[PDB]
Structures are given as structure tokens and as C-alpha cells.
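As provided, target_29.pdb (PDB, C-alpha atoms) reads as follows.
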ATOM      1  CA  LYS A   3    -214.286 130.039-154.487
ATOM      2  CA  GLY A   4    -211.450 128.402-152.551
ATOM      3  CA  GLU A   5    -212.862 125.041-153.628
ATOM      4  CA  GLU A   6    -212.900 126.210-157.273
ATOM      5  CA  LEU A   7    -209.090 126.378-157.131
ATOM      6  CA  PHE A   8    -208.945 122.607-156.641
ATOM      7  CA  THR A   9    -211.240 121.255-159.378
ATOM      8  CA  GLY A  10    -208.332 120.094-161.544
ATOM      9  CA  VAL A  11    -204.695 119.009-161.150
ATOM     10  CA  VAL A  12    -202.724 121.640-159.200
ATOM     11  CA  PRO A  13    -198.875 121.792-159.208
ATOM     12  CA  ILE A  14    -197.258 121.696-155.751
ATOM     13  CA  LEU A  15    -193.890 122.880-154.422
ATOM     14  CA  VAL A  16    -192.498 122.213-150.926
ATOM     15  CA  UNK A  17    -189.642 123.779-148.947
ATOM     16  CA  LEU A  18    -188.438 122.691-145.519
ATOM     17  CA  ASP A  19    -185.613 124.067-143.407
ATOM     18  CA  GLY A  20    -184.908 121.789-140.463
ATOM     19  CA  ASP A  21    -182.712 121.622-137.381
ATOM     20  CA  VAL A  22    -182.791 118.421-135.328
ATOM     21  CA  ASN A  23    -180.527 118.220-132.265
ATOM     22  CA  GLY A  24    -178.339 120.848-133.976
ATOM     23  CA  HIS A  25    -178.214 119.005-137.322
ATOM     24  CA  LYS A  26    -179.324 121.537-139.957
ATOM     25  CA  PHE A  27    -180.767 120.408-143.301
ATOM     26  CA  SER A  28    -183.061 121.536-146.107
ATOM     27  CA  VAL A  29    -185.470 119.752-148.447
ATOM     28  CA  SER A  30    -187.281 120.789-151.595
ATOM     29  CA  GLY A  31    -190.197 118.913-153.145
ATOM     30  CA  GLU A  32    -192.372 119.037-156.244
ATOM     31  CA  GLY A  33    -195.409 117.302-157.697
ATOM     32  CA  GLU A  34    -199.151 117.683-158.037
ATOM     33  CA  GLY A  35    -202.437 117.246-156.228
ATOM     34  CA  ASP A  36    -205.822 116.182-157.566
ATOM     35  CA  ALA A  37    -208.400 116.880-154.846
ATOM     36  CA  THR A  38    -211.129 115.307-157.020
ATOM     37  CA  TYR A  39    -209.482 111.974-156.144
ATOM     38  CA  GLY A  40    -207.756 113.090-152.930
ATOM     39  CA  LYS A  41    -204.570 112.177-154.784
ATOM     40  CA  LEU A  42    -201.052 113.534-154.164
ATOM     41  CA  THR A  43    -197.835 112.638-155.990
ATOM     42  CA  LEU A  44    -194.721 114.283-154.574
ATOM     43  CA  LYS A  45    -190.951 113.844-154.761
ATOM     44  CA  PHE A  46    -188.571 115.343-152.186
ATOM     45  CA  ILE A  47    -184.780 115.760-152.314
ATOM     46  CA  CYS A  48    -182.444 116.683-149.474
ATOM     47  CA  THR A  49    -180.671 119.771-150.825
ATOM     48  CA  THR A  50    -177.943 119.788-148.172
ATOM     49  CA  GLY A  51    -176.698 116.209-148.616
ATOM     50  CA  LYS A  52    -177.854 113.317-146.417
ATOM     51  CA  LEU A  53    -181.086 113.708-144.435
ATOM     52  CA  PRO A  54    -180.156 113.421-140.702
ATOM     53  CA  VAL A  55    -183.499 111.801-139.817
ATOM     54  CA  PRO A  56    -185.502 108.986-141.521
ATOM     55  CA  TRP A  57    -187.629 110.126-144.487
ATOM     56  CA  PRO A  58    -190.838 108.587-142.974
ATOM     57  CA  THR A  59    -190.653 110.882-139.929
ATOM     58  CA  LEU A  60    -191.131 113.900-142.231
ATOM     59  CA  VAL A  61    -194.125 112.657-144.287
ATOM     60  CA  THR A  62    -196.832 114.451-142.246
ATOM     61  CA  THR A  63    -194.783 117.685-142.263
ATOM     62  CA  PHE A  64    -194.272 117.726-146.058
ATOM     63  CA  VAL A  66    -201.121 119.927-147.910
ATOM     64  CA  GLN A  67    -204.478 118.716-146.563
ATOM     65  CA  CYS A  68    -206.179 121.187-148.921
ATOM     66  CA  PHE A  69    -205.876 118.302-151.420
ATOM     67  CA  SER A  70    -208.220 116.065-149.370
ATOM     68  CA  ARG A  71    -211.253 114.649-151.152
ATOM     69  CA  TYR A  72    -214.269 115.910-149.211
ATOM     70  CA  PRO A  73    -217.466 113.999-150.236
ATOM     71  CA  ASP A  74    -220.246 116.265-151.525
ATOM     72  CA  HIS A  75    -222.193 116.112-148.274
ATOM     73  CA  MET A  76    -219.116 117.229-146.299
ATOM     74  CA  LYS A  77    -218.088 120.219-148.465
ATOM     75  CA  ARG A  78    -219.202 122.679-145.753
ATOM     76  CA  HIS A  79    -216.539 121.164-143.457
ATOM     77  CA  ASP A  80    -213.514 121.797-145.699
ATOM     78  CA  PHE A  81    -211.589 124.515-143.807
ATOM     79  CA  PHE A  82    -208.430 123.953-145.861
ATOM     80  CA  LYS A  83    -209.820 124.934-149.282
ATOM     81  CA  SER A  84    -211.949 127.714-147.771
ATOM     82  CA  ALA A  85    -208.785 129.524-146.640
ATOM     83  CA  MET A  86    -207.356 129.591-150.198
ATOM     84  CA  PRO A  87    -205.826 131.300-152.022
ATOM     85  CA  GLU A  88    -204.422 133.385-149.123
ATOM     86  CA  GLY A  89    -203.724 130.100-147.344
ATOM     87  CA  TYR A  90    -203.257 128.932-143.769
ATOM     88  CA  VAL A  91    -200.544 128.501-141.154
ATOM     89  CA  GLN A  92    -200.121 124.887-140.026
ATOM     90  CA  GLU A  93    -198.358 124.310-136.685
ATOM     91  CA  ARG A  94    -197.575 120.947-135.087
ATOM     92  CA  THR A  95    -195.952 119.304-132.131
ATOM     93  CA  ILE A  96    -194.811 115.790-133.002
ATOM     94  CA  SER A  97    -193.881 113.728-129.967
ATOM     95  CA  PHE A  98    -191.939 110.532-130.613
ATOM     96  CA  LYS A  99    -192.676 108.170-127.723
ATOM     97  CA  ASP A 100    -189.608 107.588-125.516
ATOM     98  CA  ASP A 101    -187.695 109.939-127.826
ATOM     99  CA  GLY A 102    -187.559 113.586-128.972
ATOM    100  CA  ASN A 103    -190.078 116.038-130.459
ATOM    101  CA  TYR A 104    -190.488 117.974-133.692
ATOM    102  CA  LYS A 105    -191.911 121.517-133.613
ATOM    103  CA  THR A 106    -193.109 122.708-137.030
ATOM    104  CA  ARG A 107    -194.624 125.813-138.559
ATOM    105  CA  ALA A 108    -195.669 126.075-142.195
ATOM    106  CA  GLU A 109    -197.483 128.411-144.566
ATOM    107  CA  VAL A 110    -199.612 126.733-147.213
ATOM    108  CA  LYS A 111    -200.781 129.113-149.956
ATOM    109  CA  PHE A 112    -200.890 129.765-153.691
ATOM    110  CA  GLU A 113    -197.904 131.473-155.265
ATOM    111  CA  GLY A 114    -199.326 132.150-158.694
ATOM    112  CA  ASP A 115    -200.969 128.907-159.854
ATOM    113  CA  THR A 116    -198.756 126.713-157.613
ATOM    114  CA  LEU A 117    -199.780 125.487-154.159
ATOM    115  CA  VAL A 118    -196.678 125.970-152.028
ATOM    116  CA  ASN A 119    -195.939 124.505-148.582
ATOM    117  CA  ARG A 120    -193.094 126.370-146.807
ATOM    118  CA  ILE A 121    -191.961 124.716-143.568
ATOM    119  CA  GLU A 122    -189.586 125.204-140.670
ATOM    120  CA  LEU A 123    -188.909 122.295-138.302
ATOM    121  CA  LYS A 124    -187.070 122.224-134.980
ATOM    122  CA  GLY A 125    -186.197 118.884-133.383
ATOM    123  CA  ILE A 126    -184.914 118.439-129.829
ATOM    124  CA  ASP A 127    -184.330 115.807-127.106
ATOM    125  CA  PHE A 128    -183.636 113.003-129.593
ATOM    126  CA  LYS A 129    -181.545 110.008-128.528
ATOM    127  CA  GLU A 130    -178.391 109.580-130.630
ATOM    128  CA  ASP A 131    -179.025 105.823-130.549
ATOM    129  CA  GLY A 132    -182.828 105.998-130.706
ATOM    130  CA  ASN A 133    -185.057 104.971-133.621
ATOM    131  CA  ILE A 134    -184.845 108.413-135.230
ATOM    132  CA  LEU A 135    -181.204 109.537-135.088
ATOM    133  CA  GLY A 136    -180.188 105.854-135.252
ATOM    134  CA  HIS A 137    -182.209 105.414-138.481
ATOM    135  CA  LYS A 138    -184.018 102.261-137.333
ATOM    136  CA  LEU A 139    -187.276 102.981-139.196
ATOM    137  CA  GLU A 140    -188.459 100.859-142.093
ATOM    138  CA  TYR A 141    -188.899 102.734-145.352
ATOM    139  CA  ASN A 142    -192.694 102.368-145.464
ATOM    140  CA  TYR A 143    -195.874 104.003-144.136
ATOM    141  CA  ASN A 144    -199.128 102.916-142.472
ATOM    142  CA  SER A 145    -202.627 104.381-142.978
ATOM    143  CA  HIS A 146    -204.010 106.804-140.376
ATOM    144  CA  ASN A 147    -207.041 108.915-139.469
ATOM    145  CA  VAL A 148    -206.514 112.617-138.754
ATOM    146  CA  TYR A 149    -209.141 113.810-136.230
ATOM    147  CA  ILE A 150    -210.246 117.410-136.848
ATOM    148  CA  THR A 151    -212.210 119.766-134.579
ATOM    149  CA  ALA A 152    -213.126 123.457-134.960
ATOM    150  CA  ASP A 153    -211.208 126.093-133.005
ATOM    151  CA  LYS A 154    -213.690 128.964-133.139
ATOM    152  CA  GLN A 155    -211.504 131.325-131.070
ATOM    153  CA  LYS A 156    -208.641 131.101-133.573
ATOM    154  CA  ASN A 157    -211.035 131.045-136.536
ATOM    155  CA  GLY A 158    -209.436 127.722-137.537
ATOM    156  CA  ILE A 159    -209.108 124.026-136.670
ATOM    157  CA  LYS A 160    -207.167 121.650-134.460
ATOM    158  CA  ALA A 161    -206.269 118.049-135.231
ATOM    159  CA  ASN A 162    -204.803 115.141-133.293
ATOM    160  CA  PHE A 163    -203.624 111.730-134.495
ATOM    161  CA  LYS A 164    -201.069 108.992-133.880
ATOM    162  CA  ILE A 165    -198.591 107.944-136.559
ATOM    163  CA  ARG A 166    -197.231 104.408-136.248
ATOM    164  CA  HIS A 167    -193.746 103.981-137.751
ATOM    165  CA  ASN A 168    -192.573 100.388-138.352
ATOM    166  CA  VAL A 169    -189.162  99.795-136.757
ATOM    167  CA  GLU A 170    -186.672  97.302-138.379
ATOM    168  CA  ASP A 171    -186.820  94.921-135.385
ATOM    169  CA  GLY A 172    -190.608  94.522-135.777
ATOM    170  CA  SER A 173    -191.699  96.962-133.088
ATOM    171  CA  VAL A 174    -193.609 100.201-133.798
ATOM    172  CA  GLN A 175    -192.528 103.782-132.997
ATOM    173  CA  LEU A 176    -195.473 106.043-132.086
ATOM    174  CA  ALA A 177    -195.442 109.700-133.164
ATOM    175  CA  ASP A 178    -198.236 111.646-131.433
ATOM    176  CA  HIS A 179    -199.329 114.604-133.580
ATOM    177  CA  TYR A 180    -200.907 117.796-132.257
ATOM    178  CA  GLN A 181    -201.906 120.216-135.004
ATOM    179  CA  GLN A 182    -203.485 123.620-135.438
ATOM    180  CA  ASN A 183    -204.374 125.584-138.584
ATOM    181  CA  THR A 184    -205.309 129.273-138.841
ATOM    182  CA  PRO A 185    -206.193 131.298-141.989
ATOM    183  CA  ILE A 186    -203.636 133.819-143.246
ATOM    184  CA  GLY A 187    -206.353 135.996-144.833
ATOM    185  CA  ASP A 188    -209.187 137.992-143.234
ATOM    186  CA  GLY A 189    -212.019 136.453-145.297
ATOM    187  CA  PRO A 190    -214.543 134.002-143.723
ATOM    188  CA  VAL A 191    -213.565 130.309-143.620
ATOM    189  CA  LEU A 192    -215.539 127.110-143.008
ATOM    190  CA  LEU A 193    -215.395 125.964-139.379
ATOM    191  CA  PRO A 194    -216.146 122.200-139.495
ATOM    192  CA  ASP A 195    -218.048 119.774-137.320
ATOM    193  CA  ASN A 196    -215.809 117.013-135.924
ATOM    194  CA  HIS A 197    -214.535 114.688-138.668
ATOM    195  CA  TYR A 198    -211.386 112.926-139.860
ATOM    196  CA  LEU A 199    -209.147 112.616-142.901
ATOM    197  CA  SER A 200    -208.480 108.980-143.777
ATOM    198  CA  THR A 201    -204.967 108.891-145.263
ATOM    199  CA  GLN A 202    -202.983 106.207-147.140
ATOM    200  CA  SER A 203    -199.330 106.814-148.076
ATOM    201  CA  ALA A 204    -196.814 104.793-150.101
ATOM    202  CA  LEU A 205    -193.064 105.531-150.133
ATOM    203  CA  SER A 206    -190.741 104.641-152.998
ATOM    204  CA  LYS A 207    -187.463 105.638-154.654
ATOM    205  CA  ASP A 208    -186.676 107.163-158.041
ATOM    206  CA  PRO A 209    -184.144 104.711-159.618
ATOM    207  CA  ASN A 210    -182.624 107.627-161.564
ATOM    208  CA  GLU A 211    -182.246 109.940-158.545
ATOM    209  CA  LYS A 212    -178.733 110.345-157.137
ATOM    210  CA  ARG A 213    -179.719 112.607-154.225
ATOM    211  CA  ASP A 214    -181.093 111.448-150.895
ATOM    212  CA  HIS A 215    -184.811 111.574-151.734
ATOM    213  CA  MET A 216    -188.317 110.212-151.141
ATOM    214  CA  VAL A 217    -191.188 109.628-153.577
ATOM    215  CA  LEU A 218    -194.650 109.845-151.988
ATOM    216  CA  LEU A 219    -198.075 108.781-153.314
ATOM    217  CA  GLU A 220    -200.971 109.740-151.029
ATOM    218  CA  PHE A 221    -204.756 109.357-151.077
ATOM    219  CA  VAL A 222    -206.736 111.458-148.576
ATOM    220  CA  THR A 223    -210.529 111.256-148.111
ATOM    221  CA  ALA A 224    -212.589 113.014-145.418
ATOM    222  CA  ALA A 225    -215.063 110.890-143.445
ATOM    223  CA  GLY A 226    -216.815 110.822-140.063
ATOM    224  CA  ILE A 227    -219.890 112.855-141.031
ATOM    225  CA  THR A 228    -222.854 111.021-142.552
ATOM    226  CA  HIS A 229    -225.949 111.971-144.533
ATOM    227  CA  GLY A 230    -229.132 112.396-142.543
ATOM    228  CA  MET A 231    -231.579 109.472-142.582
ATOM    229  CA  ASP A 232    -233.919 111.306-144.955
ATOM    230  CA  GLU A 233    -231.033 112.052-147.344
ATOM    231  CA  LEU A 234    -230.268 108.301-147.524
ATOM    232  CA  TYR A 235    -233.869 107.610-148.623
ATOM    233  CA  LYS A 236    -233.678 110.345-151.276
ATOM    234  CA  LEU A 237    -230.337 109.055-152.556
ATOM    235  CA  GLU A 238    -231.694 105.472-152.702
ATOM    236  CA  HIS A 239    -234.558 106.642-154.915
TER
END
Conversion result in C-alpha cells:
Amino acid sequence: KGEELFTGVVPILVXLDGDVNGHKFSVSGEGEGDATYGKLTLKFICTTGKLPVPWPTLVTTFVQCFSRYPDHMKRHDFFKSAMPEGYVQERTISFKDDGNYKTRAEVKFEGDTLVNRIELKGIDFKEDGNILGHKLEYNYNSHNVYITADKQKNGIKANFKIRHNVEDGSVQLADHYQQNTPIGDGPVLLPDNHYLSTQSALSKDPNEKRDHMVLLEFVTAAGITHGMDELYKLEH
């Protein structure tokens, strides 16, 4: 039923209100997701002027319900199962040798649109560090998001490490701790351990005057295999 909502192309909107070391900002985003292909296309604009942090640091914050779950893993898709009422997604993002983001978001349908509404608080950043000093390259690596069930909270937890390329050729680690909990009362799928394999590409809109980021993402779940017998049946 939740999965039925994602069989075609679904329009997406994003809102973020942020405050990093006392620098307040807002972002809005729009695009679409095609969970059949695990495909996301999104464009974000800073509505308050110039973004006070590098665009790449906000990628993970700005809809894992669009993941492509292979047929044999459909019982492990918590994200879709919580729709349309949606889920709360909370994170701590710890930049190594630098500050932290603290995020809370609601992801849910508003009409036929999947909407991600976020607040972000940032603290303990170095004015001359990679983040406030804007020393990140405008690009993105590929990462695995490791998911485990959190039966107590009737949801999931995830942990992963984002690697941000720094202009001098080093890498800035951003350790991600994540939890998701359904908004609704209905039953949801509590998964076995697995991961989302994620590729992201950042670009610019040549016609866009605002501070902005264009994102193209492909997300496919993995880490759970067919049984041996299923492999023989598939082969035949």
C-alpha cells in the first residue's frame, strides 16, 4: 500500500531551516523521484541569500523512500511502509576535527507530493575549518548507508561515513548517525540488516541566479541475498 505510492514518478518538495554557529538560512527544493530506478532529480535554492556552509555538506539532509529495493528485499523497505503518513528522520552529523549538525525532518505526502521538511542546528564549527571556510570541492562520492531495525521505537537506525573531498586533496569525514520512526500508528516493515548503496552527482543550473545545487541520485538497497534454493529456481 505504501509501496503502491511509489510505482511511478512522484513529485518532491524540500524545505530546510538552518542555523549553523548562529548563521541562519533557509533552502527550498523541488524535483521528482522514481523508486523503480532508485532515481532522484532535485534542485535546491538558498532562499535567504548565500548559503553559509558548502552545498555538499547538506546533501544527506536534503528521501530514502525513493530507494530501489530489489524484489527479494521488499519486506525490508521501512521507508515506503510508513507512507503516506510518513516518518521522522533524525541525525547527528559529526565532522571530524570540526563541528556537528543536528537535524530533524518529517518526510510525508502532502497531497500527491512527497515533502521533506527539515530543521538543522550546527554548532562548534571552526571559522577557518573546511566547513565555514568553504574548502570543500563541489562534488560527491558514493557511500553505503547501513540500516538496522530498532524494534523498541518501531523504526530503524542507520550509520555511515560521508567522505567530502577537500580542495587541497585531503578528505573531510562526516560521521552520520540516523534514526527513523513512523508518524502514523499503522504497522511498518522492520528490516533485517542491509544497506542503501548511493551515488550522487552535483551540478549547477546555468540559468539560475540564486545560490543553488542540482542533485542527481541513484539509490539501490543491497546486503540481503536470495537463499541458495531461490538461486537455483531463478537460474531455471
For this session: Determine, counting only C-alpha atoms, which protein, DNA and RNA residues have an atom within 8 Å of an atom of residue 163 (chain A); residues of the same chain fewer than 4 positions away are not included. Present the result as an MDAnalysis selection string.
Result: chainID A and resid 146:149 178:180
Please report as a tab-separated table every residue of region 102-200 of chain A lying within 10 Å of region 4-13 of chain A, along with the nearest atom pair and their distance in Å (one decimal), using all atoms listed in the file.
residue	atom	partner	partner_atom	distance
A:112	CA	A:7	CA	9.5
A:115	CA	A:13	CA	7.4
A:116	CA	A:13	CA	5.2
A:117	CA	A:13	CA	6.3
A:118	CA	A:13	CA	8.6
A:191	CA	A:4	CA	9.4
Problem set entry | Distance query residue 194 (chain A) at most 9 Å, all atoms listed in the file, self and fewer than 2 positions along chain excluded, as a ChimeraX atom specification | /A:76,78-81,150-152,158-159,192,196-197
Problem set entry | For residue 31 (chain A), the nearest of the candidates A:88, A:214, A:127, A:74, counting all atoms listed in the file |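 Ranked by minimum distance to residue 31 (chain A), first place goes to A:214.
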For this session: Enumerate, as number ranges by chain, the residues matched when the PyMOL selection byres ((chain A and resi 104) around 12) is run on the file above.
Result: A: 20-23, 55, 59-60, 62-63, 93-99, 101-103, 105-107, 122-128, 134, 177-181
Problem set entry | Nearest candidate to residue 34 (chain A) (options A:184, A:157, A:219, A:208; using all atoms listed in the file) | A:219
Exercise. Between A:201, A:83, A:54, A:167, which one has atoms that come closest to residue 141 (chain A), using only C-alpha atoms?
Worked result: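 The shortest atom-to-atom distance to residue 141 (chain A) comes from A:167.
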For this session: Find the distance between CA of residue 27 (chain A) and CA of residue 216 (chain A) and write it in Å to one decimal.
Result: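 According to the coordinates, CA of residue 27 (chain A) and CA of residue 216 (chain A) are separated by 14.9 Å.
Take the candidates A:137, A:154, A:215, A:47 and check each one against residue 171 (chain A) using only C-alpha atoms; the shortest distance goes to A:137.
With all atoms listed in the file as the basis for measurement, A:67 is the residue among A:92, A:67, A:182, A:49 that approaches residue 221 (chain A) most closely.
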Problem set entry | Interatomic distance (Å, one decimal) between CA of residue 73 (chain A) and CA of residue 3 (chain A) |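 Separating CA of residue 73 (chain A) from CA of residue 3 (chain A) is a distance of 16.9 Å.
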Problem set entry | d(CA of residue 187 (chain A), CA of residue 37 (chain A)) in Å | 21.7 Å
Problem set entry | Given all atoms listed in the file as the counted atoms, nearest of A:200, A:228, A:223, A:30 to residue 14 (chain A) | A:30
